[PDB]
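With mmCIF, C-alpha atoms inside, this is upload26.cif:
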data_run
loop_
_atom_site.group_PDB
_atom_site.id
_atom_site.type_symbol
_atom_site.label_atom_id
_atom_site.label_comp_id
_atom_site.auth_asym_id
_atom_site.auth_seq_id
_atom_site.Cartn_x
_atom_site.Cartn_y
_atom_site.Cartn_z
ATOM 1 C CA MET A 1 -30.753 20.076 -6.984
ATOM 2 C CA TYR A 2 -27.415 19.589 -8.668
ATOM 3 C CA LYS A 3 -24.956 16.756 -9.081
ATOM 4 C CA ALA A 4 -21.338 17.829 -8.809
ATOM 5 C CA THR A 5 -18.788 15.369 -10.066
ATOM 6 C CA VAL A 6 -15.302 15.580 -8.552
ATOM 7 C CA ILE A 7 -12.472 13.621 -10.200
ATOM 8 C CA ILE A 8 -9.318 13.442 -8.111
ATOM 9 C CA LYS A 9 -5.983 12.136 -9.374
ATOM 10 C CA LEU A 10 -2.319 12.349 -8.443
ATOM 11 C CA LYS A 11 -0.432 15.414 -9.683
ATOM 12 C CA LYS A 12 0.569 15.122 -13.346
ATOM 13 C CA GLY A 13 3.974 13.494 -13.425
ATOM 14 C CA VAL A 14 3.671 11.452 -10.241
ATOM 15 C CA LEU A 15 3.872 7.714 -10.764
ATOM 16 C CA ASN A 16 0.852 5.844 -9.452
ATOM 17 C CA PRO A 17 1.537 2.417 -7.902
ATOM 18 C CA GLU A 18 -2.122 1.444 -8.323
ATOM 19 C CA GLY A 19 -2.116 2.046 -12.070
ATOM 20 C CA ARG A 20 1.187 0.288 -12.552
ATOM 21 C CA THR A 21 0.010 -2.658 -10.490
ATOM 22 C CA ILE A 22 -3.191 -3.080 -12.375
ATOM 23 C CA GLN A 23 -1.316 -2.987 -15.671
ATOM 24 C CA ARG A 24 1.208 -5.640 -14.719
ATOM 25 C CA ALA A 25 -1.359 -7.909 -13.085
ATOM 26 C CA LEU A 26 -3.405 -7.532 -16.278
ATOM 27 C CA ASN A 27 -0.524 -8.436 -18.566
ATOM 28 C CA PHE A 28 0.340 -11.236 -16.185
ATOM 29 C CA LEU A 29 -3.054 -12.805 -16.763
ATOM 30 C CA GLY A 30 -2.713 -12.688 -20.532
ATOM 31 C CA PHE A 31 -4.232 -9.332 -21.474
ATOM 32 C CA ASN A 32 -1.100 -8.141 -23.314
ATOM 33 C CA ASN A 33 -3.329 -5.718 -25.258
ATOM 34 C CA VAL A 34 -3.450 -3.548 -22.139
ATOM 35 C CA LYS A 35 -0.759 -0.972 -22.633
ATOM 36 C CA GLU A 36 -1.381 1.447 -19.793
ATOM 37 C CA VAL A 37 -3.667 1.915 -16.784
ATOM 38 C CA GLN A 38 -4.535 4.968 -14.706
ATOM 39 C CA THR A 39 -6.840 5.314 -11.688
ATOM 40 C CA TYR A 40 -8.955 8.083 -10.176
ATOM 41 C CA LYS A 41 -11.317 8.621 -7.343
ATOM 42 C CA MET A 42 -14.727 9.765 -8.431
ATOM 43 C CA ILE A 43 -16.814 11.726 -5.926
ATOM 44 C CA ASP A 44 -20.467 12.521 -6.715
ATOM 45 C CA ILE A 45 -21.838 15.300 -4.586
ATOM 46 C CA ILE A 46 -25.606 15.805 -4.622
ATOM 47 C CA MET A 47 -26.396 19.295 -3.351
ATOM 48 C CA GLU A 48 -28.715 22.325 -3.253
ATOM 49 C CA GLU A 50 -28.443 28.819 -6.919
ATOM 50 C CA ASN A 51 -26.986 27.782 -10.318
ATOM 51 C CA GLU A 52 -24.189 25.546 -11.657
ATOM 52 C CA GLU A 53 -21.424 28.139 -11.677
ATOM 53 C CA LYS A 54 -22.114 28.946 -8.040
ATOM 54 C CA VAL A 55 -22.178 25.249 -7.174
ATOM 55 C CA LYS A 56 -18.823 24.707 -8.883
ATOM 56 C CA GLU A 57 -17.497 27.528 -6.725
ATOM 57 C CA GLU A 58 -18.745 25.828 -3.619
ATOM 58 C CA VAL A 59 -17.333 22.364 -4.349
ATOM 59 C CA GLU A 60 -14.200 24.210 -5.388
ATOM 60 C CA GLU A 61 -13.991 25.330 -1.776
ATOM 61 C CA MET A 62 -14.780 21.817 -0.472
ATOM 62 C CA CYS A 63 -11.820 20.553 -2.489
ATOM 63 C CA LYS A 64 -9.600 23.410 -1.405
ATOM 64 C CA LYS A 65 -10.192 22.808 2.254
ATOM 65 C CA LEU A 66 -10.962 19.074 2.577
ATOM 66 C CA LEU A 67 -11.391 16.811 -0.430
ATOM 67 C CA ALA A 68 -8.012 17.239 -2.058
ATOM 68 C CA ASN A 69 -4.445 18.152 -1.195
ATOM 69 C CA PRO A 70 -2.962 20.374 -3.957
ATOM 70 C CA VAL A 71 0.563 19.214 -3.123
ATOM 71 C CA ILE A 72 -0.183 15.615 -4.217
ATOM 72 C CA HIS A 73 -3.539 16.054 -5.947
ATOM 73 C CA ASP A 74 -5.032 17.402 -9.115
ATOM 74 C CA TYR A 75 -8.818 17.563 -9.433
ATOM 75 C CA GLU A 76 -11.613 18.650 -11.742
ATOM 76 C CA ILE A 77 -15.280 19.552 -11.198
ATOM 77 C CA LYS A 78 -18.350 19.015 -13.383
ATOM 78 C CA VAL A 79 -21.730 20.351 -12.225
ATOM 79 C CA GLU A 80 -24.998 19.190 -13.755
ATOM 80 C CA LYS A 81 -28.425 20.415 -12.730
ATOM 81 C CA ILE A 82 -30.764 17.586 -11.809
ATOM 82 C CA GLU A 83 -33.842 18.028 -13.984
ATOM 83 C CA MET B 1 -5.730 2.355 -29.676
ATOM 84 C CA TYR B 2 -8.723 2.561 -27.392
ATOM 85 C CA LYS B 3 -9.454 3.989 -23.975
ATOM 86 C CA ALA B 4 -11.698 1.798 -21.859
ATOM 87 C CA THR B 5 -13.237 3.436 -18.846
ATOM 88 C CA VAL B 6 -14.183 1.159 -15.945
ATOM 89 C CA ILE B 7 -16.347 2.576 -13.141
ATOM 90 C CA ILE B 8 -16.541 0.347 -10.084
ATOM 91 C CA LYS B 9 -18.935 0.888 -7.186
ATOM 92 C CA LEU B 10 -20.417 -1.101 -4.325
ATOM 93 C CA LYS B 11 -23.484 -3.207 -5.135
ATOM 94 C CA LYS B 12 -26.675 -1.132 -5.279
ATOM 95 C CA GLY B 13 -28.119 -1.100 -1.791
ATOM 96 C CA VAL B 14 -24.872 -1.453 0.141
ATOM 97 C CA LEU B 15 -24.076 1.475 2.396
ATOM 98 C CA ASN B 16 -20.723 3.073 1.665
ATOM 99 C CA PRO B 17 -18.773 4.357 4.692
ATOM 100 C CA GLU B 18 -16.652 6.582 2.442
ATOM 101 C CA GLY B 19 -19.646 8.410 0.995
ATOM 102 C CA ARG B 20 -21.286 8.815 4.369
ATOM 103 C CA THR B 21 -18.056 10.091 5.872
ATOM 104 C CA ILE B 22 -17.475 12.645 3.204
ATOM 105 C CA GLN B 23 -21.029 13.917 3.583
ATOM 106 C CA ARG B 24 -20.846 14.368 7.336
ATOM 107 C CA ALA B 25 -17.375 15.901 7.275
ATOM 108 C CA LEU B 26 -18.704 18.270 4.601
ATOM 109 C CA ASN B 27 -21.738 19.299 6.622
ATOM 110 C CA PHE B 28 -19.493 19.570 9.645
ATOM 111 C CA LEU B 29 -17.433 22.223 7.905
ATOM 112 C CA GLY B 30 -20.467 24.297 6.994
ATOM 113 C CA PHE B 31 -21.462 22.986 3.566
ATOM 114 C CA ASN B 32 -25.035 22.155 4.638
ATOM 115 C CA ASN B 33 -26.044 22.365 0.956
ATOM 116 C CA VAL B 34 -24.413 18.967 0.461
ATOM 117 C CA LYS B 35 -27.216 16.483 0.759
ATOM 118 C CA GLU B 36 -25.592 13.248 -0.339
ATOM 119 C CA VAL B 37 -22.212 11.890 -1.445
ATOM 120 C CA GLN B 38 -21.232 8.747 -3.331
ATOM 121 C CA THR B 39 -17.792 7.477 -4.374
ATOM 122 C CA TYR B 40 -16.420 5.312 -7.178
ATOM 123 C CA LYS B 41 -13.150 4.036 -8.434
ATOM 124 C CA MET B 42 -12.402 5.057 -11.972
ATOM 125 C CA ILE B 43 -10.029 2.863 -13.979
ATOM 126 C CA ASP B 44 -8.798 4.038 -17.400
ATOM 127 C CA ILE B 45 -7.398 1.235 -19.478
ATOM 128 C CA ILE B 46 -5.441 2.204 -22.590
ATOM 129 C CA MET B 47 -5.257 -0.793 -24.915
ATOM 130 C CA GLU B 48 -4.909 -2.220 -28.438
ATOM 131 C CA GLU B 50 -10.043 -4.758 -33.221
ATOM 132 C CA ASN B 51 -13.041 -2.468 -32.500
ATOM 133 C CA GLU B 52 -14.860 -1.028 -29.462
ATOM 134 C CA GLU B 53 -17.360 -3.836 -28.982
ATOM 135 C CA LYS B 54 -14.545 -6.372 -28.925
ATOM 136 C CA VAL B 55 -12.581 -4.220 -26.489
ATOM 137 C CA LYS B 56 -15.583 -3.965 -24.167
ATOM 138 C CA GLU B 57 -15.721 -7.753 -24.260
ATOM 139 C CA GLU B 58 -12.110 -7.976 -23.259
ATOM 140 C CA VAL B 59 -12.257 -5.540 -20.330
ATOM 141 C CA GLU B 60 -15.464 -7.325 -19.421
ATOM 142 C CA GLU B 61 -13.291 -10.383 -18.894
ATOM 143 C CA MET B 62 -10.651 -8.376 -16.980
ATOM 144 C CA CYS B 63 -13.405 -7.280 -14.605
ATOM 145 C CA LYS B 64 -14.864 -10.756 -14.367
ATOM 146 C CA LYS B 65 -11.600 -12.328 -13.381
ATOM 147 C CA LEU B 66 -9.621 -9.577 -11.604
ATOM 148 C CA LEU B 67 -10.822 -5.988 -11.428
ATOM 149 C CA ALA B 68 -14.115 -6.486 -9.651
ATOM 150 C CA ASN B 69 -15.835 -8.901 -7.304
ATOM 151 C CA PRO B 70 -19.507 -9.343 -8.347
ATOM 152 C CA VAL B 71 -20.505 -10.240 -4.787
ATOM 153 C CA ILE B 72 -19.639 -6.737 -3.486
ATOM 154 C CA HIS B 73 -19.152 -4.841 -6.744
ATOM 155 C CA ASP B 74 -21.117 -3.377 -9.586
ATOM 156 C CA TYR B 75 -19.241 -1.985 -12.586
ATOM 157 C CA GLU B 76 -19.731 -0.399 -15.987
ATOM 158 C CA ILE B 77 -17.540 -0.101 -19.096
ATOM 159 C CA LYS B 78 -17.216 2.671 -21.685
ATOM 160 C CA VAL B 79 -14.885 2.187 -24.665
ATOM 161 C CA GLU B 80 -13.745 5.080 -26.834
ATOM 162 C CA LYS B 81 -11.447 4.773 -29.820
ATOM 163 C CA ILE B 82 -8.441 7.059 -29.581
ATOM 164 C CA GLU B 83 -8.445 9.125 -32.764
ATOM 165 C CA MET C 1 -4.880 10.344 25.637
ATOM 166 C CA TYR C 2 -5.268 7.045 23.852
ATOM 167 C CA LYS C 3 -4.461 5.687 20.424
ATOM 168 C CA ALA C 4 -7.126 3.390 19.031
ATOM 169 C CA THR C 5 -6.110 1.275 16.095
ATOM 170 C CA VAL C 6 -8.884 0.149 13.743
ATOM 171 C CA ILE C 7 -8.100 -2.529 11.142
ATOM 172 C CA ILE C 8 -10.793 -2.941 8.511
ATOM 173 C CA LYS C 9 -10.904 -5.772 5.983
ATOM 174 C CA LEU C 10 -13.430 -7.447 3.712
ATOM 175 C CA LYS C 11 -15.609 -10.137 5.295
ATOM 176 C CA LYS C 12 -13.788 -13.465 5.641
ATOM 177 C CA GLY C 13 -14.421 -15.396 2.459
ATOM 178 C CA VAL C 14 -14.826 -12.445 0.108
ATOM 179 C CA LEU C 15 -12.241 -12.282 -2.645
ATOM 180 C CA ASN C 16 -10.295 -9.034 -2.695
ATOM 181 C CA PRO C 17 -9.362 -7.683 -6.147
ATOM 182 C CA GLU C 18 -6.653 -5.491 -4.609
ATOM 183 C CA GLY C 19 -4.853 -8.411 -2.986
ATOM 184 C CA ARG C 20 -5.116 -10.555 -6.080
ATOM 185 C CA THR C 21 -3.850 -7.722 -8.246
ATOM 186 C CA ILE C 22 -0.868 -7.018 -6.103
ATOM 187 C CA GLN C 23 0.051 -10.698 -6.093
ATOM 188 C CA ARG C 24 -0.086 -11.108 -9.853
ATOM 189 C CA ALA C 25 1.698 -7.835 -10.566
ATOM 190 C CA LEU C 26 4.353 -8.993 -8.088
ATOM 191 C CA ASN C 27 4.812 -12.376 -9.729
ATOM 192 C CA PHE C 28 4.771 -10.632 -13.078
ATOM 193 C CA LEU C 29 7.817 -8.616 -12.091
ATOM 194 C CA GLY C 30 9.771 -11.678 -11.020
ATOM 195 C CA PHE C 31 8.948 -12.029 -7.324
ATOM 196 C CA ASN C 32 7.686 -15.619 -7.683
ATOM 197 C CA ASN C 33 8.400 -16.098 -3.958
ATOM 198 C CA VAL C 34 5.258 -14.082 -3.240
ATOM 199 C CA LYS C 35 2.551 -16.636 -2.726
ATOM 200 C CA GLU C 36 -0.335 -14.554 -1.442
ATOM 201 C CA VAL C 37 -1.237 -10.931 -0.701
ATOM 202 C CA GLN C 38 -3.957 -9.378 1.441
ATOM 203 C CA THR C 39 -4.778 -5.714 2.099
ATOM 204 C CA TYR C 40 -6.359 -3.739 4.933
ATOM 205 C CA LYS C 41 -7.165 -0.211 5.826
ATOM 206 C CA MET C 42 -5.541 0.936 9.015
ATOM 207 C CA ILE C 43 -7.200 3.783 10.916
ATOM 208 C CA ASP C 44 -5.406 5.373 13.891
ATOM 209 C CA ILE C 45 -7.728 7.334 16.105
ATOM 210 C CA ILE C 46 -6.131 9.614 18.693
ATOM 211 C CA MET C 47 -8.698 10.433 21.370
ATOM 212 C CA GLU C 48 -9.517 11.429 24.962
ATOM 213 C CA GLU C 50 -11.650 7.324 30.816
ATOM 214 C CA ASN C 51 -9.739 4.039 30.255
ATOM 215 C CA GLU C 52 -8.943 1.663 27.368
ATOM 216 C CA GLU C 53 -11.975 -0.586 27.704
ATOM 217 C CA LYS C 54 -14.264 2.430 27.569
ATOM 218 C CA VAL C 55 -12.383 3.795 24.567
ATOM 219 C CA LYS C 56 -12.730 0.477 22.738
ATOM 220 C CA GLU C 57 -16.454 0.733 23.401
ATOM 221 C CA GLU C 58 -16.556 4.165 21.882
ATOM 222 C CA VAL C 59 -14.635 3.352 18.692
ATOM 223 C CA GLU C 60 -16.782 0.241 18.572
ATOM 224 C CA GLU C 61 -19.709 2.609 18.156
ATOM 225 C CA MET C 62 -17.835 4.730 15.576
ATOM 226 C CA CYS C 63 -17.344 1.565 13.535
ATOM 227 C CA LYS C 64 -20.915 0.441 14.039
ATOM 228 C CA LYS C 65 -22.369 3.669 12.785
ATOM 229 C CA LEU C 66 -19.791 5.083 10.337
ATOM 230 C CA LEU C 67 -16.379 3.517 9.836
ATOM 231 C CA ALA C 68 -17.403 0.068 8.695
ATOM 232 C CA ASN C 69 -20.284 -1.725 7.026
ATOM 233 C CA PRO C 70 -20.835 -5.143 8.691
ATOM 234 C CA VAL C 71 -22.359 -6.553 5.503
ATOM 235 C CA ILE C 72 -19.052 -6.239 3.586
ATOM 236 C CA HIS C 73 -16.631 -5.477 6.416
ATOM 237 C CA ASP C 74 -14.889 -7.145 9.291
ATOM 238 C CA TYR C 75 -12.899 -5.002 11.721
ATOM 239 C CA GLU C 76 -10.836 -5.150 14.891
ATOM 240 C CA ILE C 77 -9.881 -2.572 17.535
ATOM 241 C CA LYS C 78 -6.717 -2.154 19.610
ATOM 242 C CA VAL C 79 -6.542 0.621 22.220
ATOM 243 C CA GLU C 80 -3.262 1.769 23.738
ATOM 244 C CA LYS C 81 -2.915 4.495 26.334
ATOM 245 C CA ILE C 82 -0.472 7.191 25.292
ATOM 246 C CA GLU C 83 2.066 7.442 28.101
ATOM 247 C CA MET D 1 7.046 -19.353 4.876
ATOM 248 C CA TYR D 2 7.090 -15.773 6.062
ATOM 249 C CA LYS D 3 4.554 -13.010 6.486
ATOM 250 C CA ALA D 4 5.845 -9.595 5.490
ATOM 251 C CA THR D 5 3.818 -6.657 6.670
ATOM 252 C CA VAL D 6 4.052 -3.466 4.608
ATOM 253 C CA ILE D 7 2.603 -0.246 6.053
ATOM 254 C CA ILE D 8 2.336 2.573 3.538
ATOM 255 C CA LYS D 9 1.506 6.170 4.431
ATOM 256 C CA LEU D 10 1.849 9.620 2.909
ATOM 257 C CA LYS D 11 5.208 11.351 3.376
ATOM 258 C CA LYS D 12 5.578 12.897 6.837
ATOM 259 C CA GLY D 13 4.249 16.423 6.610
ATOM 260 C CA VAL D 14 1.711 15.868 3.845
ATOM 261 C CA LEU D 15 -1.871 16.515 4.866
ATOM 262 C CA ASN D 16 -4.151 13.539 4.335
ATOM 263 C CA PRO D 17 -7.717 14.330 3.210
ATOM 264 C CA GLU D 18 -8.890 10.888 4.344
ATOM 265 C CA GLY D 19 -7.701 11.377 7.914
ATOM 266 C CA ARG D 20 -9.103 14.874 8.116
ATOM 267 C CA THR D 21 -12.420 13.710 6.716
ATOM 268 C CA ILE D 22 -12.781 10.875 9.127
ATOM 269 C CA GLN D 23 -12.022 13.190 12.035
ATOM 270 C CA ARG D 24 -14.592 15.802 11.089
ATOM 271 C CA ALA D 25 -17.282 13.265 10.230
ATOM 272 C CA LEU D 26 -16.560 11.676 13.619
ATOM 273 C CA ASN D 27 -16.866 14.935 15.526
ATOM 274 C CA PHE D 28 -19.934 15.720 13.471
ATOM 275 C CA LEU D 29 -21.647 12.620 14.802
ATOM 276 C CA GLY D 30 -20.908 13.490 18.412
ATOM 277 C CA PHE D 31 -17.571 11.797 19.086
ATOM 278 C CA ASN D 32 -15.867 15.027 20.212
ATOM 279 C CA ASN D 33 -13.344 12.873 22.113
ATOM 280 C CA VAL D 34 -11.712 12.084 18.771
ATOM 281 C CA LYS D 35 -8.892 14.547 18.453
ATOM 282 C CA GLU D 36 -7.009 13.281 15.427
ATOM 283 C CA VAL D 37 -7.201 10.548 12.784
ATOM 284 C CA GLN D 38 -4.592 9.086 10.449
ATOM 285 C CA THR D 39 -4.907 6.345 7.817
ATOM 286 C CA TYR D 40 -2.583 3.766 6.274
ATOM 287 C CA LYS D 41 -2.685 0.976 3.804
ATOM 288 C CA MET D 42 -1.646 -2.337 5.242
ATOM 289 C CA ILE D 43 -0.274 -4.951 2.843
ATOM 290 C CA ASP D 44 0.355 -8.511 4.077
ATOM 291 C CA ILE D 45 2.647 -10.448 1.812
ATOM 292 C CA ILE D 46 2.861 -14.202 2.372
ATOM 293 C CA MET D 47 6.035 -15.513 0.750
ATOM 294 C CA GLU D 48 8.824 -18.112 0.582
ATOM 295 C CA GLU D 50 15.819 -17.962 3.177
ATOM 296 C CA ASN D 51 15.449 -15.931 6.416
ATOM 297 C CA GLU D 52 13.674 -12.760 7.604
ATOM 298 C CA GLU D 53 16.442 -10.295 6.809
ATOM 299 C CA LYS D 54 16.606 -11.582 3.249
ATOM 300 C CA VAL D 55 12.825 -11.402 2.950
ATOM 301 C CA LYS D 56 12.819 -7.797 4.165
ATOM 302 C CA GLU D 57 15.356 -7.087 1.438
ATOM 303 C CA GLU D 58 13.094 -8.596 -1.151
ATOM 304 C CA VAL D 59 9.908 -6.754 -0.159
ATOM 305 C CA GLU D 60 12.130 -3.704 0.091
ATOM 306 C CA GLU D 61 12.675 -4.134 -3.633
ATOM 307 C CA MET D 62 8.950 -4.749 -4.271
ATOM 308 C CA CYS D 63 8.253 -1.416 -2.588
ATOM 309 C CA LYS D 64 11.063 0.326 -4.414
ATOM 310 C CA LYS D 65 9.844 -0.727 -7.806
ATOM 311 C CA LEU D 66 6.058 -1.159 -7.457
ATOM 312 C CA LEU D 67 4.275 -0.918 -4.124
ATOM 313 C CA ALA D 68 5.213 2.601 -3.132
ATOM 314 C CA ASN D 69 6.248 5.896 -4.673
ATOM 315 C CA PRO D 70 8.987 7.534 -2.534
ATOM 316 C CA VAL D 71 7.984 11.000 -3.740
ATOM 317 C CA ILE D 72 4.557 10.783 -2.030
ATOM 318 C CA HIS D 73 5.006 7.687 0.128
ATOM 319 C CA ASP D 74 6.722 6.542 3.263
ATOM 320 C CA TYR D 75 6.641 2.846 4.151
ATOM 321 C CA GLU D 76 7.864 0.320 6.692
ATOM 322 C CA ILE D 77 8.384 -3.458 6.611
ATOM 323 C CA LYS D 78 7.967 -6.110 9.310
ATOM 324 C CA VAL D 79 8.840 -9.738 8.522
ATOM 325 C CA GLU D 80 7.689 -12.617 10.704
ATOM 326 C CA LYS D 81 8.470 -16.261 10.069
ATOM 327 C CA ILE D 82 5.360 -18.414 9.952
ATOM 328 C CA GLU D 83 5.905 -21.173 12.499
#

Would you mind writing the file's structure down as structure tokens?
Amino acid sequence: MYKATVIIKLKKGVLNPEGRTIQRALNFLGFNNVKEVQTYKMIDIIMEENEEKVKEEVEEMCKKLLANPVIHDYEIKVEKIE
Amino acid sequence: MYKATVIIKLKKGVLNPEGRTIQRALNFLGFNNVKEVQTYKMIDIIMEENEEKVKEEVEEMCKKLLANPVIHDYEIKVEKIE
Amino acid sequence: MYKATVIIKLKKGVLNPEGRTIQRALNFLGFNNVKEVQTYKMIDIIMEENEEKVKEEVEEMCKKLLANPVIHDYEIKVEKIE
Amino acid sequence: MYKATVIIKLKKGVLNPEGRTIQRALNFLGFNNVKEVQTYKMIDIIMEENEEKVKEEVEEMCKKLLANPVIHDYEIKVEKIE
């Protein structure tokens, strides 16, 4: 049993309305300390060889479903459940 | 300068349509190894005393904007940018 | 061929951090005319009897996947593609 | 008082992982009638001249906050609350 962690974000360089909105709404409420906000989708996949082979598999999941390379960047962390 | 990381999820015990959907769509495509999926929103707040005081501040941001305790659970990690 | 439209929102009475955030960020930028914001997920399902029977089917999709009654309210519109 | 409705979607031609996922998870559960799914974010803005002038204003909100033209397409409907 392994836990794969998939972080998905917008391509580097693409402005993110969600981040910008959170920032401004935060400053609006008084938190002027907040200088910048960014958001991501975190996807935890719990699945059944070894971590490198798992990473390969989720890599495929991303490639053909989870993320769109044109607008998305993503990264995968695989930890064995012990 | 500090980087506060806010993870927001649904209350423990509430079924999440997104997780369930991802799982089934994943099994549907062949990845029968995938046994369970869960999703979270990750919010990175870059802001300007010390980490415990920062955590207190984002704690407030959550309390009055970022998350709704009725339907949300959340956790905060604060790292000093060095 | 029919187009089913599924609108999903938070239960009536549950505060929505997204709506609140958008509002404040909007006022923050100058749009003080904006008095209130609300957000929804719109899901267009294109599928293959008649509209009432389709509505029944998507009703089931919602019931067992698309939405969680505990935290979600939803409504379904079915139009025949002509 | 007017209700502006903002529909935001991915640019025409960009594959949407959410839509694809919903479709497959739906077929996976038996709903083979479902042939295609698409998703959108609906944003209802309740605000305070006349509908054409309101549309202009939300147009600006979109242009500078709500949506990113590079990855987003959007449309605005303005109805006077009567």

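Here atom CA of residue C:76 stands at a distance of 21.5 Å from atom CA of residue D:32.
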
What does chain B look like after a least-squares fit onto chain A on every Cα paired in order, written as a JSON list (two decimals) with C-alpha atoms, in the coordinates of the input?
[["chain", "number", "residue", "atom", "x", "y", "z"],
["B", 1, "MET", "CA", -30.75, 20.08, -6.98],
["B", 2, "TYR", "CA", -27.41, 19.59, -8.67],
["B", 3, "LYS", "CA", -24.96, 16.76, -9.08],
["B", 4, "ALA", "CA", -21.34, 17.83, -8.81],
["B", 5, "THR", "CA", -18.79, 15.37, -10.07],
["B", 6, "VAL", "CA", -15.30, 15.58, -8.55],
["B", 7, "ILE", "CA", -12.47, 13.62, -10.20],
["B", 8, "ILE", "CA", -9.32, 13.44, -8.11],
["B", 9, "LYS", "CA", -5.98, 12.14, -9.37],
["B", 10, "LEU", "CA", -2.32, 12.35, -8.44],
["B", 11, "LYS", "CA", -0.43, 15.41, -9.68],
["B", 12, "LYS", "CA", 0.57, 15.12, -13.35],
["B", 13, "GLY", "CA", 3.97, 13.49, -13.43],
["B", 14, "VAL", "CA", 3.67, 11.45, -10.24],
["B", 15, "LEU", "CA", 3.87, 7.71, -10.76],
["B", 16, "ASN", "CA", 0.85, 5.84, -9.45],
["B", 17, "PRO", "CA", 1.54, 2.42, -7.90],
["B", 18, "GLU", "CA", -2.12, 1.44, -8.32],
["B", 19, "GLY", "CA", -2.12, 2.05, -12.07],
["B", 20, "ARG", "CA", 1.19, 0.29, -12.55],
["B", 21, "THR", "CA", 0.01, -2.66, -10.49],
["B", 22, "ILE", "CA", -3.19, -3.08, -12.37],
["B", 23, "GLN", "CA", -1.32, -2.99, -15.67],
["B", 24, "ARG", "CA", 1.21, -5.64, -14.72],
["B", 25, "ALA", "CA", -1.36, -7.91, -13.09],
["B", 26, "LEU", "CA", -3.40, -7.53, -16.28],
["B", 27, "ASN", "CA", -0.52, -8.44, -18.57],
["B", 28, "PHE", "CA", 0.34, -11.24, -16.19],
["B", 29, "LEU", "CA", -3.05, -12.80, -16.76],
["B", 30, "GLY", "CA", -2.71, -12.69, -20.53],
["B", 31, "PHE", "CA", -4.23, -9.33, -21.47],
["B", 32, "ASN", "CA", -1.10, -8.14, -23.31],
["B", 33, "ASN", "CA", -3.33, -5.72, -25.26],
["B", 34, "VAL", "CA", -3.45, -3.55, -22.14],
["B", 35, "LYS", "CA", -0.76, -0.97, -22.63],
["B", 36, "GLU", "CA", -1.38, 1.45, -19.79],
["B", 37, "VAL", "CA", -3.67, 1.91, -16.78],
["B", 38, "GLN", "CA", -4.54, 4.97, -14.71],
["B", 39, "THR", "CA", -6.84, 5.31, -11.69],
["B", 40, "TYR", "CA", -8.96, 8.08, -10.18],
["B", 41, "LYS", "CA", -11.32, 8.62, -7.34],
["B", 42, "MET", "CA", -14.73, 9.76, -8.43],
["B", 43, "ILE", "CA", -16.81, 11.73, -5.93],
["B", 44, "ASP", "CA", -20.47, 12.52, -6.72],
["B", 45, "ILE", "CA", -21.84, 15.30, -4.59],
["B", 46, "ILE", "CA", -25.61, 15.80, -4.62],
["B", 47, "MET", "CA", -26.40, 19.29, -3.35],
["B", 48, "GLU", "CA", -28.71, 22.33, -3.25],
["B", 50, "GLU", "CA", -28.44, 28.82, -6.92],
["B", 51, "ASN", "CA", -26.99, 27.78, -10.32],
["B", 52, "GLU", "CA", -24.19, 25.55, -11.66],
["B", 53, "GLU", "CA", -21.42, 28.14, -11.68],
["B", 54, "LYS", "CA", -22.11, 28.95, -8.04],
["B", 55, "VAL", "CA", -22.18, 25.25, -7.17],
["B", 56, "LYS", "CA", -18.82, 24.71, -8.88],
["B", 57, "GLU", "CA", -17.50, 27.53, -6.72],
["B", 58, "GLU", "CA", -18.74, 25.83, -3.62],
["B", 59, "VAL", "CA", -17.33, 22.36, -4.35],
["B", 60, "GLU", "CA", -14.20, 24.21, -5.39],
["B", 61, "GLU", "CA", -13.99, 25.33, -1.78],
["B", 62, "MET", "CA", -14.78, 21.82, -0.47],
["B", 63, "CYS", "CA", -11.82, 20.55, -2.49],
["B", 64, "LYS", "CA", -9.60, 23.41, -1.40],
["B", 65, "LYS", "CA", -10.19, 22.81, 2.25],
["B", 66, "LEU", "CA", -10.96, 19.07, 2.58],
["B", 67, "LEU", "CA", -11.39, 16.81, -0.43],
["B", 68, "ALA", "CA", -8.01, 17.24, -2.06],
["B", 69, "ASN", "CA", -4.45, 18.15, -1.20],
["B", 70, "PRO", "CA", -2.96, 20.37, -3.96],
["B", 71, "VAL", "CA", 0.56, 19.21, -3.12],
["B", 72, "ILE", "CA", -0.18, 15.62, -4.22],
["B", 73, "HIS", "CA", -3.54, 16.05, -5.95],
["B", 74, "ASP", "CA", -5.03, 17.40, -9.11],
["B", 75, "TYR", "CA", -8.82, 17.56, -9.43],
["B", 76, "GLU", "CA", -11.61, 18.65, -11.74],
["B", 77, "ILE", "CA", -15.28, 19.55, -11.20],
["B", 78, "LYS", "CA", -18.35, 19.01, -13.38],
["B", 79, "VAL", "CA", -21.73, 20.35, -12.22],
["B", 80, "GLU", "CA", -25.00, 19.19, -13.75],
["B", 81, "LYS", "CA", -28.42, 20.42, -12.73],
["B", 82, "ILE", "CA", -30.76, 17.59, -11.81],
["B", 83, "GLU", "CA", -33.84, 18.03, -13.98]]

Given the PyMOL selection byres ((chain B and resi 83) around 8), the residues it picks as a count of residues only: 3

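The result of the PyMOL selection byres ((chain D) within 12 of (chain A)) on the shown file is residues 8, 10, 11, 13, 14, 15, 16, 17, 18, 19, 20, 21, 22, 23, 24, 25, 62, 63, 64, 65, 66, 67, 68, 69, 70, 71, 72 and 73 of chain D.
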
Atomic distance atom CA of residue B:58 - atom CA of residue A:33, expressed in Å with one decimal: 9.3 Å

Ground truth for the PyMOL selection byres ((chain A and resi 52) around 12), written as a ChimeraX atom specification: /A:1-5,47-48,50-51,53-60,77-82

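For the pair atom CA of residue B:39 and atom CA of residue D:44, the interatomic distance is 25.6 Å.
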
Box time for stretch 45-61 of chain B: axis-aligned, enclosing all its listed atoms, 4 Å extra on each side; report centre and edge lengths in Å to one decimal, as AutoDock Vina command-line options.
--center_x -11.1 --center_y -4.1 --center_z -26.1 --size_x 20.5 --size_y 20.6 --size_z 22.3
